[PDB]
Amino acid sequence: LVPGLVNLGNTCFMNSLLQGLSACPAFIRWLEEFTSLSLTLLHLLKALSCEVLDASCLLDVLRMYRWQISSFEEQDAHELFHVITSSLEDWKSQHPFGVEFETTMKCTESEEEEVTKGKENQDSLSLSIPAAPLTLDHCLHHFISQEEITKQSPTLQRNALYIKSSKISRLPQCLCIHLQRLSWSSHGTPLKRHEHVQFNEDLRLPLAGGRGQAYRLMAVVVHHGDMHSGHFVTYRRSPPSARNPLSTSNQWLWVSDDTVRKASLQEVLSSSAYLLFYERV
């Protein structure tokens, strides 16, 4: 139901990412308005959102100007994602994936000290997987929850313990969640995290006062293998029918480079998610 992408030289990290981005129609609409690398990207995503295509021209332009890699090594789809988003920037209007946080730092050791406020800007949320039921909702809750930070206190004139709290200040039309699947072992070595992290078709980002924003899952990039070698595939929604062009299909696809297959939702939800792409309802 969609074109596959040929794997010329370990390019599944690109193919899988393009398959997922092409399932985000608000991102495609943003790109169309922005273009009214972007055009090279847009033309691929239009084709992939409705045969085998070749995405290598996008990699050629990226290698020329944005990312010094060779043409044939394995790479991280998440690193390519940030190369793409940061190439579009070169804040709100240039960041269709951008989440903003308002942060507050409160000194636990000096009740008189005034809190300081800060801002964080992110184009993906890189969640940590705790030690092993693992759920994306819990990882997200933990990411946004309060944390301890040590920093110099103007009032105490030494390092002191602070608590940082965060509130989401900007909601994007498109959302990329990155489940970190490389951790650092107790032996001082990298470790691939294979554990299933449960996720739903629907995701809610909380806001002040009980307000929140609902998002709907469009695609999942999955990494198979280890950090010495692996393979990326994508589960994505089919394009909508022409008679319901702004609807969201309930048909899912498994796409591994040049091969496209129908997949059940249950297969999608059972997969080992690495990047999850959502759009704001």
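The numbering used is simple: start at 1 and walk along the sequence shown.
- Counting the unmodelled positions of the deposited sequence between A208 and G209 gives zero.
- According to the PDB record, 265-273 carries the higher mean C-alpha B-factor of the two stretches 11-19 and 265-273.
- Here the stretch with the larger average CA B-factor, out of 51-59 and 218-226, is 51-59.
- Of the candidates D90, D137, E74, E195, the deposited coordinates give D90 the top C-alpha B factor.
- Note on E201, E147, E111, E100: the highest value goes to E111, judged by CA B factor as recorded.
- In this PDB entry, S169 carries a Cα temperature factor that places it within the highest third of its chain's modelled residues.
- Remark: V281 belongs to the highest third of its chain, ranked by C-alpha B-factor as recorded.
- Looking at the C-alpha B-factors along this chain, the one for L41 belongs to the middle third.
- In the deposited entry, the Cα temperature factor of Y65 sits in the middle third of values across the chain's modelled residues.
- In this PDB entry, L125 carries a Cα temperature factor that places it within the lowest third of its chain's modelled residues.
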